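Asks: Here it is, the structure, as structure tokens.
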Ligand SMILES: *[C@@H]1O[C@H](CO)[C@@H](O[C@@H]2O[C@H](CO)[C@@H](O[C@@H]3O[C@H](CO)[C@@H](O)[C@H](O)[C@@H]3O)[C@H](O)[C@H]2NC(C)=O)[C@H](O)[C@H]1NC(C)=O
Ligand SMILES: *[C@@H]1O[C@H](CO)[C@@H](O[C@@H]2O[C@H](CO)[C@@H](O[C@@H]3O[C@H](CO)[C@@H](O)[C@H](O)[C@@H]3O)[C@H](O)[C@H]2NC(C)=O)[C@H](O)[C@H]1NC(C)=O
Ligand SMILES: *[C@@H]1O[C@H](CO)[C@@H](O[C@@H]2O[C@H](CO)[C@@H](O)[C@H](O)[C@H]2NC(C)=O)[C@H](O)[C@H]1NC(C)=O
Ligand SMILES: *[C@@H]1O[C@H](CO)[C@@H](O)[C@H](O)[C@H]1NC(C)=O
């Protein structure tokens with residue numbers, strides 16, 4: 355923010371934590387998923403056996419392909435969701451702020467609000483902490499809006 | 405040898421189907437959740453764009469209609485026939501003072 | 008100078024059911040159906 | 006800024022040297038940080 359009292363910036367733990375909470379946890383679906391597999395068929399061969407070896411190769415091969423595709427699709431999906439998740443959590447933060455300001459400001463379009471009254475660092479905290487009552491500054495702000 | 409392979413087949417099949425199953429449920433659920441929320445989040449927009457400038461978003465998912473609204477206008481919004489222009493002068497004067 | 012408030016909302020139920028999605032493993036929904044046949048009849 | 010106004014911006018995190026990942030839309034997109042899901046290497050002993 356930039357008001358008459360000067361400049362400054364501070365984080366919002368409430369929404370940021372909601373982003374980490376969904377990532378750390380989406381990992382827990384993927385990190386420890388490993389499942390045991392004991393004594394499968396031999397995927398490697400020394401001599402040439404013909405029909406049986408052709409099948410034993412065709413099995414372990416076609417298994418690998420399907421899992422590789424399944425893997426690629428899973429990453430590309432969890433990525434597209436991870437990108438969309440993070441964007442939404444801040445895009446929510448913008449709306450949560452806008453609904454708080456009521457008529458006392460305007461969307462500049464640069465991802466910033468132009469608050470149309472004298473705001474100290476005190477009122478900035480009431481926005482951040484979430485206690486901003488628009489009704490007091492409403493009369494004060496509306497006159498600045500129209501000129 | 406044969407029994408080892410015949411087992412390795414039907415097993416590897418089951419694993420691949422189960423992953424496909426788990427992934428399918430978790431996707432159609434996450435899509436179902438987003439769907440139901442969006443369909444209602446749309447109705448709010450349908451109402452706000454219908455009310456024009458005769459109200460304000462209170463933030464709690466309710467509109468504060470800044471004019472006298474009888475049971476007629478409530479049904480007119482219910483219908484989709486709410487004309488903003490009639491109440492505008494009445495409401496617009498109340499918002500700004 | 009009389010006002011009126013119009014609010015919007017959605018369905019809700021007391022005892023729901025939990026399902027698993029991409030974001031979270033536990034989430035309560037209104038209504039859900041089972042996709043796995045875990046039992047059978049005793050005869051063919 | 007005029008002492009009768011006030012300017013409030015909100016934003017998100019960023020980092021200098023990030024990493025490229027693949028999604029559905031695009032093959033290249035830079036994210037803040039990421040981990041590799043494929044164990045490409047191993048130890049020399051059993
Ligand atoms: C919102 O939509 C509803 C649904 O159509 C409208 O209700 C309808 O209102 C009309 C006019 O009042 C009703 O017709 C009238 O019936 C009375 C019966 O006493 C009759 O005396 C009149 O000559 C006329 O025929 C109509 O019955 C009623 N809907 C139904 C299903 O019966 C309502 O008018 C709409 N909102 C507004 C603000 O108009
Ligand atoms: C909650 O979700 C379940 C699952 O979708 C709903 O159960 C389904 O309900 C419908 C209608 O109540 C059932 O259709 C009926 O099927 C019977 C026999 O199959 C048939 O005789 C009827 O004429 C009608 O077609 C459906 O079978 C049933 N189950 C499934 C798996 O779809 C339930 O209705 C939902 N509850 C609410 C309140 O939405
Ligand atoms: C990217 O950031 C994450 C944190 O969200 C890192 O995850 C680390 O490793 C495990 C989780 O898998 C935990 O010890 C912590 O959550 C993280 N620790 C630290 C020190 O970051 C992940 O390692 C990071 N990736 C890179 C390449 O730095
Ligand atoms: C908490 O909110 C109060 C107003 O209710 C504010 O004065 C205070 O600065 C806030 N504290 C923070 C943001 O740490």
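Protein chains in written order, with PDB author numbering: chain Y, 355 to 501; chain C, 405 to 501; chain A, 8 to 51; chain W, 6 to 51.
Where a beta carbon is used, it is the ideal one built from N, C-alpha and C, also for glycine.
Express the C-alpha separation of residue 22/A and residue 39/A in angstroms, rounding to a whole number.
Replies: Taking the third chain and counting its residues from 1, one reaches residue 39/A at position 32. Taking the third chain and counting its residues from 1, one reaches residue 22/A at position 15. Rounded to whole angstroms, residue 39/A to residue 22/A spans 12 Å at the Cα level.
Asks: Do residue 444/Y and residue 17/W come within 7 Å of each other at the CB atom, strictly closer than that value?
Replies: The residue given as residue 17/W occupies position 12 in the fourth chain. The residue given as residue 444/Y occupies position 90 in the first chain. In this structure, residue 444/Y lies closer than 7 Å to residue 17/W by Cβ.
Asks: Can we count residue 479/Y as close to ligand 4, meaning its CB is less than 6 Å from some heavy atom?
Replies: Working through the first chain from its first residue, we reach residue 479/Y at position 125. For ligand 4, at least one heavy atom lies less than 6 Å from the Cβ of residue 479/Y.
Asks: Identify, in the order they occur along the chain, each residue of the same chain with its Cβ nearer than 7 Å to the Cβ of residue 459/C, setting aside the five sequence neighbours on each side.
Replies: Within the second chain, residue 459/C is the residue found at index 55, counting from 1. Excluding residues within five positions, the ones whose Cβ falls inside 7 Å are 467, 468, 469 and 470.
Asks: Within 10 Å of its beta-carbon, does residue 425/C have 16 or more other beta-carbons around it, so buried, or fewer, so exposed?
Replies: The residue you call residue 425/C lines up with position 21 of the second chain. Counting the other Cβ atoms within 10 Å of the Cβ of residue 425/C gives fewer than 16, which makes it exposed.
Asks: Please confirm if residue 30/A has its CB atom under 7 Å from at least one CB of chain Y.
Replies: For the purposes of this step, residue 30/A is taken as residue 23 along the third chain, with counting starting at 1. Residue 30/A counts as touching chain Y.
Asks: Indicate the three-state DSSP secondary structure (helix, strand or coil) for residue 51/A in the structure shown.
Replies: Translated into positions along the third chain, residue 51/A becomes position 44. Coil, per DSSP.
Asks: Run through the DSSP bridge pairs and tell me what residue 361/Y is partnered with.
Replies: For the purposes of this step, residue 361/Y is taken as residue 7 along the first chain, with counting starting at 1. Residue 361/Y pairs with 356/Y.
Asks: Of all Cβ atoms in chain C, is any one closer than 7 Å to the Cβ of residue 420/Y?
Replies: For the purposes of this step, residue 420/Y is taken as residue 66 along the first chain, with counting starting at 1. Yes, residue 420/Y lies at the interface with chain C (some Cβ there is under 7 Å from its Cβ).
Asks: Secondary structure at residue 452/Y, three-state DSSP: helix, strand or coil?
Replies: As a working mapping, residue 452/Y is identified with position 98 in the first chain. Helix at residue 452/Y.
Asks: Let me see if you follow: with CB-CB separation under 7 Å, is residue 365/Y close to chain W or not?
Replies: What you label residue 365/Y is simply residue 11 of the first chain in a count that begins at 1. No, its Cβ sits nowhere closer than 7 Å to a Cβ of chain W.
Asks: Please report whether the beta-carbon of residue 434/Y lies at a distance below 7 Å from any beta-carbon of chain A.
Replies: Against the first chain, residue 434/Y aligns to sequence position 80. No - not a single Cβ of chain A is within 7 Å of the one on residue 434/Y.
Asks: Nearest to residue 494/C by CA position, among 457/C, 449/C, 409/C and 464/C, is which residue?
Replies: For the purposes of this step, residue 494/C is taken as residue 90 along the second chain, with counting starting at 1. Nearest C-alpha to residue 494/C among 457/C, 449/C, 409/C and 464/C: 457/C.
Asks: Could you tell me whether the segment 23-38 of chain A touches the segment 375-391 of chain Y, where touching means 3 or more Cβ pairs closer than 8 Å?
Replies: yes
Asks: Given 6 Å as the limit, tell me if residue 38/A has its C-beta closer than that to any heavy atom belonging to ligand 2.
Replies: Translated into positions along the third chain, residue 38/A becomes position 31. Yes; taking the cut-off as 6 Å, the Cβ of residue 38/A has a heavy atom of ligand 2 nearer than that.
Asks: Helix, strand or coil: which one does DSSP assign to residue 468/Y?
Replies: Here residue 468/Y corresponds to residue number 114 of the first chain, with the count starting at 1. Residue 468/Y: strand per DSSP, three-state reduction.
Asks: Closer than 9 Å by beta-carbon distance: list the chain Y residues that pair up with residue 408/C, in chain order.
Replies: Here residue 408/C is taken as the residue at index 4 of the second chain, counted from 1. Chain Y residues near residue 408/C: 393, 394, 395 and 396.
Asks: In three-state DSSP terms, what is residue 457/C?
Replies: Taking the first residue of the second chain as 1, we reach residue 457/C at position 53. Three-state result, residue 457/C: coil.
Asks: For residue 45/W, return the contacting residues in chain Y, with the cut-off set at a CB-CB distance below 7 Å.
Replies: Here residue 45/W is taken as the residue at index 40 of the fourth chain, counted from 1. Result: empty, since nearest Cβ-Cβ is about 13 Å, beyond 7 Å.
Asks: What three-state label does DSSP hand residue 11/A in the structure shown?
Replies: Position 4 of the third chain, counted from the start, is the residue given in the question as residue 11/A. Reduced to three states, the DSSP call for residue 11/A is strand.
Asks: Determine the direct distance from the alpha carbon of residue 483/C to that of residue 473/Y, and round the result to whole angstroms.
Replies: By 1-based counting over the first chain, the position of residue 473/Y is 119. By 1-based counting over the second chain, the position of residue 483/C is 79. Here the alpha carbon of residue 473/Y sits roughly 43 Å from the alpha carbon of residue 483/C.
Asks: On a Cα-Cα basis, can you pick out the residue from 416/C, 497/C, 491/C and 498/C that is closest to residue 390/Y?
Replies: Translated into the one-based positions of the first chain, residue 390/Y becomes position 36. When each option's Cα is compared against that of residue 390/Y, the closest is 416/C.
Asks: Buried or exposed: which applies to residue 355/Y, given that a residue is buried once 16 or more other Cβ atoms fall within 10 Å of its Cβ?
Replies: In the first chain, residue 355/Y corresponds to position 1, counting from 1. The residue in question, residue 355/Y, is buried, as its Cβ has 16 or more Cβ neighbours within 10 Å.
Asks: Can you list the residues of chain C that residue 424/Y reaches, using a CB-CB cut of under 9 Å?
Replies: What you label residue 424/Y is simply residue 70 of the first chain in a count that begins at 1. Under the 9 Å cutoff, chain C gives 420, 423, 424 and 427.
Asks: Assuming contact is defined by CB atoms lying nearer than 7 Å, are residue 453/Y and residue 461/C in contact in what I supplied?
Replies: Here the question's residue 453/Y lines up with position 99 in the first chain. Here the question's residue 461/C lines up with position 57 in the second chain. Cβ distance < 7 Å, so residue 453/Y and residue 461/C count as in contact.
Asks: Tell me the rounded alpha-carbon separation between residue 500/Y and residue 10/W.
Replies: In the first chain, residue 500/Y corresponds to position 146, counting from 1. In the fourth chain, residue 10/W corresponds to position 5, counting from 1. In a straight line, the C-alpha of residue 500/Y is about 13 Å away from that of residue 10/W.
Asks: What whole-angstrom Cβ distance do residue 465/Y and residue 15/W have, given they're in contact under 8 Å?
Replies: As a first step, residue 465/Y must be located in the first chain, where it is residue number 111. As a first step, residue 15/W must be located in the fourth chain, where it is residue number 10. Contact between residue 465/Y and residue 15/W holds: CB atoms are separated by about 6 Å, below the 8 Å threshold.
Asks: Of the residues 363/Y, 427/Y and 406/Y, which one's Cα is nearest the Cα of residue 405/C?
Replies: Start at 1 with the first residue of the second chain, and residue 405/C comes out as number 1. That would be 406/Y, whose Cα lies nearest to the Cα of residue 405/C.
Asks: 7 Å is my cut-off, CB to CB: does residue 24/W come that close to chain Y?
Replies: Translated into the one-based positions of the fourth chain, residue 24/W becomes position 19. For residue 24/W, the answer is no, since every Cβ of chain Y falls outside 7 Å of its Cβ.
Asks: Apart from the five residues on each side of it in sequence, which residues of its chain come closer than 7 Å, Cβ to Cβ, to residue 438/Y?
Replies: Locating residue 438/Y in the first chain gives position 84, where the first residue counts as 1. No residues qualify anywhere along the chain.
Asks: Out of 400/Y, 481/Y, 413/Y and 359/Y, point me to the one whose CA is closest to residue 414/C's CA.
Replies: Position 10 of the second chain, counted from the start, is the residue given in the question as residue 414/C. Closest option to residue 414/C, Cα to Cα, is 413/Y.
Asks: Step through the CB atoms of chain C and report whether any lies within less than 7 Å of the CB of residue 417/Y.
Replies: As a first step, residue 417/Y is located in the first chain; it is residue number 63 there, counting from the start. Cβ-Cβ to chain C under 7 Å: yes for residue 417/Y.
Asks: Within the 7 Å Cβ cut-off, does residue 11/W reach chain Y?
Replies: Residue mapping note: residue 11/W aligns to position 6 of the fourth chain, counting from 1. Closer than 7 Å to some Cβ of chain Y, the Cβ of residue 11/W qualifies, so yes.
Asks: For residue 25/W versus residue 35/W, is the C-beta distance shorter than 7 Å?
Replies: Residue mapping note: residue 25/W aligns to position 20 of the fourth chain, counting from 1. Residue mapping note: residue 35/W aligns to position 30 of the fourth chain, counting from 1. Yes. Within cutoff.
Asks: Mind checking the segment 455-466 of chain Y against chain W and listing, in chain order, the residues whose C-beta falls within less than 9 Å of any C-beta there?
Replies: 455, 459, 462, 464, 465 and 466
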